[PDB]
Amino acid sequence: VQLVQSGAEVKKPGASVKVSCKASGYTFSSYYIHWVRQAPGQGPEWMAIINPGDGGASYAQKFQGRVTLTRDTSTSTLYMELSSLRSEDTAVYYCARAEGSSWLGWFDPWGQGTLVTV
Amino acid sequence: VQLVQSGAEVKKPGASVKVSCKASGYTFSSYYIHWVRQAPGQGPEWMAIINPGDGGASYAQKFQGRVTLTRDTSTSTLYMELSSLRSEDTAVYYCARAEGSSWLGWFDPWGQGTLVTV
Amino acid sequence: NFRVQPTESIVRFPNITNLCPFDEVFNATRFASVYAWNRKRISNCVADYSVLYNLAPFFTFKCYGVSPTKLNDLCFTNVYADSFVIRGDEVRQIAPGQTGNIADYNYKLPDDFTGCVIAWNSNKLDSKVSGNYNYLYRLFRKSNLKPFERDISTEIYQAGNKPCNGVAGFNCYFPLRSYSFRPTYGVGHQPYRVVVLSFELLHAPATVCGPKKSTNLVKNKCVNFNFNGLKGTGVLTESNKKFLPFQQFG
Amino acid sequence: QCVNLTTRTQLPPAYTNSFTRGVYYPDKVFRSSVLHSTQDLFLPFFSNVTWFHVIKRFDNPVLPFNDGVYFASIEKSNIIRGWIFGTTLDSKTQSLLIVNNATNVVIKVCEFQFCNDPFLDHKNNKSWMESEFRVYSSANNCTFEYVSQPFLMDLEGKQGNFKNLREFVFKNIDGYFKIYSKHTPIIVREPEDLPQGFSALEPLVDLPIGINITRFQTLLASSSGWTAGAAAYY
Amino acid sequence: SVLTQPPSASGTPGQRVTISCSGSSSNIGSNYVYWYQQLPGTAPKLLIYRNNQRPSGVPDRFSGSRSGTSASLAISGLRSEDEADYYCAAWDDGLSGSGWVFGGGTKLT
Amino acid sequence: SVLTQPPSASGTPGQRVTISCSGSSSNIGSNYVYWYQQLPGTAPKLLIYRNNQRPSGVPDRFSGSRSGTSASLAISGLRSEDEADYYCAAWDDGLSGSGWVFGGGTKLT
């Protein structure tokens, strides 16, 4: 009934950084998953919305194609593999939960986030 | 028609001094009084404005709170009190008449002044 | 076919030469407080808003609906003269869309506001050495007011959930607060006299405007110089026909 | 303040044919020694018009206003001072006024502390005097104010040989309020019906209020014993 | 569009101020708004649904509303504990991208 | 502002010498300027009024006028009594304090 993140550190720019958080609690096939990035000293930017099961994905304009996400059901892991890291890509990621079979509405509580710096 | 001053001696550091200069001639209750101090190696700076009667004074930013000002009509003595006297404040204090109920204008001739040293 | 073309040219409607009493609502000695702002629907005379460069520190001169270059040429209808005395820091939040302690509880502007505001320094004029505790503003109220609304009531604010009536004390605060104005205060804290205009080109027929231009008199010439007026060309001569006092044209 | 004068009653008003009255100058664009046709609001020829008479007779009736009204007050005593163009008069909607007392010609179109029937006339009965003077404690919502030349009025009054004849035309078009008048102080006859004759009406004033009015009154200027002069209006 | 926000929100303990997000057309007047408060050192927490009801339960001293293309939140009974950063989130539906856009940044003092 | 003045004004008797006080914005442009003469051993005196006339009586050889954001004083006919120093005074209307910031300090030989 909670989500915890994974540990990481500083990486070289222009490389691939693996980020993940687990998922547990209620049933899995009928609850959408949100991920959102937040920069310190500013407002957060919305990252992605994911449908489990078939693993449907959608991405924003500023991150279309330059970021890759994967998902699974039995192991219940949610991966991104960041590439092309700038000084803009130093922020904290959060993985979330949605209403279920709908991407409009209130946001269920996030995790503890993952900080990434270059 | 002339302004006379008082006397002062060497004072202990970090103390309070009091200067009162008697004024004769023009109207005591309808003339502002400018208080200045003259130091060797520098020029004179304004530090207090005296409105007779209620004693409503508008001190500068560097002279607010540290200066106690009292104006009356019966005794006709303009009380000025300075706190936290150091070696920097050793100067000759002058009290002068003004236009009266108006700040902007020329300056009346000054008194002989009272020298304070620490 | 040949034809003669006119030389100096204009058309003849403007004939005005009217007096316009002003510079007393703009350069007065006594002015209204923050919440005591009064309305003068000015419909008296020409009211030239362009000849205002005698006073140098007119730092607030921006206008949104109209430009100052094309201000005194068109006609407005029911302009409002609203004057109040505030600090210099509150001048920047008079513009619509701003937020502050005066933009929600004392006097607020609509988002479709027509007109602009004129402000200037008045510290030497409005600041005594003992202070001028006569211009006062209200900070506490039950709810935010509508734009163009005046509040006069001085009832004790019930900030807390304790029953008090009349007598102040704990959680019962006085809403009206007097300004502490001194001549030694810095920029933005001095008393600044503020005047704002609201042209409001709606509803009624237009009443307040004036071009007030003039030209010369050159009899019997193929020109059109005509007091900068209403359309129509030709030549101008002397005619001996008689008009009644209310007659204009022929 | 409000007074319960009450005594609301109605009388049958006499009807008299108005022959050729109410012809005024249409526009301020002119011409000489010609004939021209205008499609405007006029008083139709040989029509009929009510006749209200003042004797122990009181009359300030309710009169409906629609697209301009023509008045013809024939009188020597000059009781009539103005007209109130108000439909509610409870200080929520704007009402007109024509009151200029002695020398000040200020006209204030405003909402005062006026009741349903705020009288403005007489004093010690028959004499001509101010409307309880102080009529409002303070101004709350005032709209329009305008001072003009004082109208031709005669002090006190005289009964018989009604010299004064005030013809008025009131119009309200697209917010503009237009007043037309031909003041002819020359008649020595019996009052009776309308006099036979023709006379144009020049404009005097136009006022840009911007409101519409459909209801108006008149401002004729103790319990036992009433003495008043004779008057008539149309 | 961009969801302009005031840089800060002044306040004193024991009074009421309003914090507002001003947006463009088809961003606030079209879809609902979401208010968020970021306590220092903690994960952010939801505080309101669409501004007609409380999600689980909060004292009613905080009131949210919409006006035209803007949203507002009036707060009263201010404490030193509640000094935090306030954010607003909305569905944008703009040209070339329709993500969950956020506001600017404000600080409560 | 600071109202800088040259430290000394070297000159000879019978020669006209000009002293210049450099001001800033909103000090010389709108505010009136005063020239004061400090005498050794006695009280300072009102040397001159606003730059058109004399305080009580002086020859017109003492000249003083402002220009731009600065002020100047030309003194000729120097004698032994004229050996003194001068100061420039102007209203300040500055940020956080509106007292009387005077000029610097000169020296006449």
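When the chains are written out, they are named A, B, C, D, E and F in that same order, and each has its own residue count from 1.
We adopt the following convention: a residue touches a chain if its C-beta (ideal position, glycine included) is under 8 Å from a C-beta of that chain, and two chains touch if they have at least 3 such contacts.
Chains that touch both chain C and chain F: B. With centres defined as mean CA coordinates, chain B is found 71 Å away from chain A.
Chain geometry summary: the mean Cα position of chain A and that of chain E are 23 Å apart. Along chain F, residues 96-99 each make contact with two or more other chains.
Not a single residue in chain A touches at least two other chains. Looking at chain C, one finds that residues 124, 183-184, 186 touch two or more other chains. Taken as a contact graph, with one node per protein chain and an edge wherever two chains touch, the assembly fits none of the named shapes, being neither a line, a ring, a star nor a complete graph. Applying the touch criterion to all chain pairs gives A-E, B-C, B-F, C-D, C-E, C-F.
Residues of chain C touching chain F in their complex: 56-57, 121, 123-124, 183-187. Chain B contributes residues 32, 49, 51, 54-61, 103-104 to its touches with chain C in the complex. Of all residues in chain A, those touching chain E in their complex are 36, 41-46, 60-62, 94, 104, 106-107, 109-113.
Chain contact summary for the complex, chain E toward chain A: residues 31, 34, 43-46, 49, 55, 87, 89, 91, 96-97, 99-105.
Across the interface of their complex, chain C is touched by residues 30, 93-99 of chain F.
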